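J.: The following file, structure-v3.cif, comprises mmCIF, C-alpha atoms and all ligand atoms:
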```
data_input
loop_
_atom_site.label_atom_id
_atom_site.label_comp_id
_atom_site.auth_asym_id
_atom_site.auth_seq_id
_atom_site.Cartn_x
_atom_site.Cartn_y
_atom_site.Cartn_z
CA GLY A 11 94.30 -121.40 -80.41
CA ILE A 12 91.27 -122.41 -78.33
CA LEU A 13 91.37 -120.00 -75.39
CA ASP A 14 93.82 -117.59 -73.77
CA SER A 15 94.49 -119.40 -70.50
CA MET A 16 93.16 -122.11 -68.22
CA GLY A 17 94.05 -122.83 -64.61
CA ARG A 18 93.20 -122.59 -60.94
CA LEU A 19 92.37 -119.17 -59.51
CA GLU A 20 93.97 -118.39 -56.15
CA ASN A 21 91.25 -117.58 -53.60
CA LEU A 22 91.92 -113.87 -53.04
CA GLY A 23 88.32 -112.75 -52.56
CA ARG A 24 86.08 -110.67 -54.77
CA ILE A 25 85.16 -107.00 -55.12
CA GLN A 26 82.01 -105.16 -56.18
CA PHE A 27 82.11 -101.79 -57.95
CA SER A 28 80.08 -99.65 -60.32
CA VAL A 29 80.94 -97.23 -63.11
CA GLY A 30 79.02 -94.83 -65.32
CA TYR A 31 79.27 -91.56 -67.20
CA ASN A 32 77.20 -88.38 -67.00
CA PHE A 33 77.25 -86.62 -70.36
CA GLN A 34 75.90 -83.26 -69.18
CA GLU A 35 78.61 -83.04 -66.50
CA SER A 36 81.28 -84.86 -68.57
CA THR A 37 81.93 -86.82 -65.39
CA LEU A 38 82.88 -90.45 -64.85
CA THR A 39 81.66 -92.00 -61.59
CA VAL A 40 83.39 -95.01 -60.03
CA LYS A 41 81.91 -96.46 -56.83
CA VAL A 42 84.01 -98.93 -54.86
CA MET A 43 81.31 -100.79 -52.94
CA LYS A 44 82.58 -103.77 -50.97
CA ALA A 45 84.83 -106.81 -50.95
CA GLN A 46 84.31 -110.33 -49.64
CA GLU A 47 86.53 -113.17 -48.40
CA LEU A 48 89.79 -111.25 -48.50
CA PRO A 49 92.82 -113.14 -47.15
CA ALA A 50 94.48 -112.30 -43.86
CA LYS A 51 97.72 -110.39 -44.46
CA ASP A 52 98.61 -109.61 -40.82
CA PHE A 53 99.81 -111.94 -38.09
CA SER A 54 96.82 -110.73 -36.06
CA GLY A 55 94.64 -112.79 -38.42
CA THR A 56 92.97 -109.93 -40.30
CA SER A 57 93.84 -107.31 -42.92
CA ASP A 58 93.38 -103.54 -43.21
CA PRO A 59 92.15 -103.26 -46.81
CA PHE A 60 92.02 -100.25 -49.09
CA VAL A 61 91.70 -99.92 -52.87
CA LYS A 62 93.77 -97.94 -55.33
CA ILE A 63 91.84 -96.75 -58.39
CA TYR A 64 93.64 -96.22 -61.72
CA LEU A 65 92.44 -95.39 -65.22
CA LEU A 66 95.13 -97.18 -67.21
CA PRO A 67 97.32 -96.44 -69.07
CA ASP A 68 97.71 -93.60 -66.54
CA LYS A 69 99.95 -95.23 -63.92
CA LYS A 70 100.71 -91.94 -62.11
CA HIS A 71 97.41 -90.40 -60.98
CA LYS A 72 95.32 -92.59 -58.69
CA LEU A 73 92.56 -92.33 -56.12
CA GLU A 74 92.28 -94.40 -52.95
CA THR A 75 89.54 -95.60 -50.65
CA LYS A 76 89.81 -95.30 -46.90
CA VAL A 77 91.41 -98.12 -44.92
CA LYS A 78 88.99 -100.44 -43.12
CA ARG A 79 90.75 -101.69 -39.98
CA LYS A 80 90.77 -105.44 -39.26
CA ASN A 81 88.14 -106.32 -41.85
CA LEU A 82 88.23 -109.12 -44.43
CA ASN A 83 84.76 -108.21 -45.79
CA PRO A 84 84.96 -104.42 -46.07
CA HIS A 85 82.13 -102.14 -47.18
CA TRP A 86 83.72 -98.93 -48.47
CA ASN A 87 80.70 -97.61 -50.40
CA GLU A 88 82.91 -94.77 -51.61
CA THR A 89 82.08 -92.74 -54.72
CA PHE A 90 84.83 -91.19 -56.86
CA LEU A 91 84.30 -88.57 -59.56
CA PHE A 92 86.49 -87.86 -62.57
CA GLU A 93 84.91 -84.51 -63.43
CA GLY A 94 85.24 -82.69 -66.73
CA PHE A 95 86.85 -85.79 -68.23
CA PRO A 96 86.06 -85.82 -71.98
CA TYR A 97 84.09 -88.86 -73.08
CA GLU A 98 86.44 -89.50 -76.01
CA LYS A 99 89.26 -90.02 -73.49
CA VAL A 100 87.13 -92.07 -71.07
CA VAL A 101 86.51 -94.84 -73.59
CA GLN A 102 90.28 -95.28 -74.08
CA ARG A 103 90.90 -96.21 -70.43
CA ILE A 104 90.90 -99.43 -68.43
CA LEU A 105 89.45 -99.16 -64.93
CA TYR A 106 91.96 -100.90 -62.67
CA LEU A 107 91.42 -101.62 -58.96
CA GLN A 108 94.19 -102.84 -56.66
CA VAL A 109 93.36 -104.04 -53.13
CA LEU A 110 96.10 -103.84 -50.49
CA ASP A 111 96.58 -104.42 -46.78
CA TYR A 112 97.77 -101.28 -44.99
CA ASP A 113 100.74 -101.90 -42.67
CA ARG A 114 102.48 -99.73 -40.05
CA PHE A 115 105.96 -101.27 -39.72
CA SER A 116 106.53 -102.60 -43.26
CA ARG A 117 105.33 -101.90 -46.78
CA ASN A 118 101.65 -102.36 -47.57
CA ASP A 119 100.82 -105.87 -48.78
CA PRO A 120 99.14 -106.17 -52.20
CA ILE A 121 96.21 -108.58 -52.14
CA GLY A 122 94.91 -108.63 -55.71
CA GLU A 123 93.56 -106.69 -58.65
CA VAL A 124 90.67 -106.47 -61.11
CA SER A 125 90.12 -104.45 -64.25
CA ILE A 126 87.58 -103.72 -66.96
CA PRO A 127 88.05 -101.82 -70.25
CA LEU A 128 85.61 -98.95 -70.31
CA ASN A 129 85.04 -99.46 -74.04
CA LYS A 130 83.31 -102.73 -73.07
CA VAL A 131 80.91 -101.00 -70.63
CA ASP A 132 77.64 -99.27 -71.50
CA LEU A 133 78.39 -96.11 -69.56
CA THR A 134 75.02 -94.47 -70.33
CA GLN A 135 73.84 -96.04 -67.06
CA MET A 136 75.59 -97.01 -63.84
CA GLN A 137 76.84 -100.57 -64.36
CA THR A 138 77.67 -102.75 -61.35
CA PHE A 139 80.18 -105.61 -61.45
CA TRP A 140 81.48 -108.40 -59.25
CA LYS A 141 85.00 -109.58 -60.07
CA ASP A 142 87.26 -112.15 -58.43
CA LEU A 143 90.59 -110.66 -57.38
CA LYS A 144 93.53 -111.75 -59.52
CA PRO A 145 97.17 -111.91 -58.41
CA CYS A 146 99.06 -108.65 -58.74
CA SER A 147 102.59 -109.98 -58.37
CA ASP A 148 105.67 -109.20 -60.42
CA CA B 201 100.36 -107.01 -43.41
CA CA B 202 97.86 -104.61 -42.00
CA CA B 203 103.93 -105.68 -45.04
#
```
Would you mind writing the file out in structure tokens?
Ligand SMILES: [Ca+2]
Ligand SMILES: [Ca+2]
Ligand SMILES: [Ca+2]
T.:
Amino acid sequence: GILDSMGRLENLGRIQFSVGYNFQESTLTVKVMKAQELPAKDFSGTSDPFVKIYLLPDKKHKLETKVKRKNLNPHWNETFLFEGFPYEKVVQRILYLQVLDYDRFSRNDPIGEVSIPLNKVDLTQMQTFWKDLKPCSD
């Protein structure tokens, strides 16, 4: 009855991204900028990170960044557009980012996740955020 949770945060790195809405175009922009201090998820001692972008509760339709080979501090600087997306639907979504290590001979390795409800963002301007990656394990 004091707070939701308290505890140690696993050091999974952090990610920077921006989001904003253009009302004339009815377009939501999400820019996945860069990540820092990602863990190594390959026996080579690096990872091959990419980001999956969801607008929850839509768990089916996602976008993805490119894979940055052997890079624990990737700079994607990739811009994604959700064009002709009505504003009244936008504010009902949660922007969800999942960072993974791309693998060749096994399944990709999830690293961590972040999210932000778009109804808590002032989308009239591009807003930029840093968030520490949280565990995305089941
Ligand atoms: Ca791996
Ligand atoms: Ca890998
Ligand atoms: Ca793997």
J.: Looking at A:46, A:37, A:56, A:134, which one is nearest to ligand CA 202 (chain B), with distances taken over all atoms listed in the file?
T.: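 Smallest distance to ligand CA 202 (chain B) is found for A:56.
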J.: Mind dumping a table of every chain A residue within 8 Å of ligand CA 202 (chain B), with the nearest atom pair and its distance in Å to one decimal, using all atoms listed in the file, sorted by chain and rising number, as CSV?
T.:
```
residue,atom,partner,partner_atom,distance
A:51,CA,B:CA202,CA,6.3
A:52,CA,B:CA202,CA,5.2
A:56,CA,B:CA202,CA,7.4
A:57,CA,B:CA202,CA,4.9
A:58,CA,B:CA202,CA,4.8
A:59,CA,B:CA202,CA,7.6
A:79,CA,B:CA202,CA,7.9
A:80,CA,B:CA202,CA,7.6
A:111,CA,B:CA202,CA,5.0
A:112,CA,B:CA202,CA,4.5
A:113,CA,B:CA202,CA,4.0
A:114,CA,B:CA202,CA,7.0
A:118,CA,B:CA202,CA,7.1
A:119,CA,B:CA202,CA,7.5
```
J.: Only C-alpha atoms, please: the residues just picked out, written as a PDB file, in the coordinates of the input.
T.:
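So the final result, stored in again_19.pdb, reads:
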```
ATOM      1  CA  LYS A  51      97.720-110.390 -44.460  1.00  0.00           C
ATOM      2  CA  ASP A  52      98.610-109.610 -40.820  1.00  0.00           C
ATOM      3  CA  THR A  56      92.970-109.930 -40.300  1.00  0.00           C
ATOM      4  CA  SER A  57      93.840-107.310 -42.920  1.00  0.00           C
ATOM      5  CA  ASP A  58      93.380-103.540 -43.210  1.00  0.00           C
ATOM      6  CA  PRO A  59      92.150-103.260 -46.810  1.00  0.00           C
ATOM      7  CA  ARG A  79      90.750-101.690 -39.980  1.00  0.00           C
ATOM      8  CA  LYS A  80      90.770-105.440 -39.260  1.00  0.00           C
ATOM      9  CA  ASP A 111      96.580-104.420 -46.780  1.00  0.00           C
ATOM     10  CA  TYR A 112      97.770-101.280 -44.990  1.00  0.00           C
ATOM     11  CA  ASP A 113     100.740-101.900 -42.670  1.00  0.00           C
ATOM     12  CA  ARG A 114     102.480 -99.730 -40.050  1.00  0.00           C
ATOM     13  CA  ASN A 118     101.650-102.360 -47.570  1.00  0.00           C
ATOM     14  CA  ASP A 119     100.820-105.870 -48.780  1.00  0.00           C
TER      15      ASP A 119
END
```
J.: In Å, how far is it from atom CA of residue 21 of chain A to atom CA of residue 50 of chain A?
T.: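 The value is 11.5 Å.
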J.: Record the distance separating atom CA of residue 129 of chain A and atom CA of residue 101 of chain A, expressed in Å with one decimal.
T.: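 If I compute the distance from atom CA of residue 129 of chain A to atom CA of residue 101 of chain A, I get 4.9 Å.
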J.: How many Å separate atom CA of residue 33 of chain A from atom CA of residue 95 of chain A?
T.: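 Separating atom CA of residue 33 of chain A from atom CA of residue 95 of chain A is a distance of 9.9 Å.
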J.: Which residues come within 9 Å of residue 100 of chain A, counting all atoms listed in the file, excluding same-chain residues fewer than 3 positions away, as a PyMOL selection string?
T.: chain A and resi 31+38+65+95-97+103-104+128-129
J.: So which one's closest to ligand CA 201 (chain B), A:130, A:70, A:117, A:41? Using all atoms listed in the file, please.
T.: A:117
J.: When you count only C-alpha atoms, which of these residues is closest to residue 108 of chain A: A:76, A:144, A:18, A:44?
T.: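 Answer, going by the shortest atom-to-atom distance: A:144.
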J.: Counting all atoms listed in the file, which residues come within 10 Å of (88.7, -101.9, -58.7), with the point read in the file's coordinates, and could you list them as a ChimeraX atom specification?
T.: /A:24-28,40-43,45,61-65,105-109,122-126,139-141,143
J.: To test the calculation: enclose all listed atoms of segment 56-70 of chain A in a box whose edges run along x, y and z, add 6 Å on each side, then state centre and edge lengths in Å to one decimal, as JSON.
T.:
```
{"center_x": 96.2, "center_y": -100.9, "center_z": -54.7, "size_x": 21.0, "size_y": 30.0, "size_z": 40.8}
```
J.: Would you mind telling me which residue in A:72, A:53, A:82, A:87 lies nearest to ligand CA 203 (chain B) when using only C-alpha atoms and all ligand atoms?
T.: A:53
J.: Counting all atoms listed in the file, which residue out of A:147, A:39, A:116, A:102 sits closest to ligand CA 201 (chain B)?
T.: A:116
J.: Rank A:23, A:32, A:15, A:120 by their smallest atom-to-atom distance to residue 148 of chain A, using all atoms listed in the file, and report the top residue only.
T.: A:120
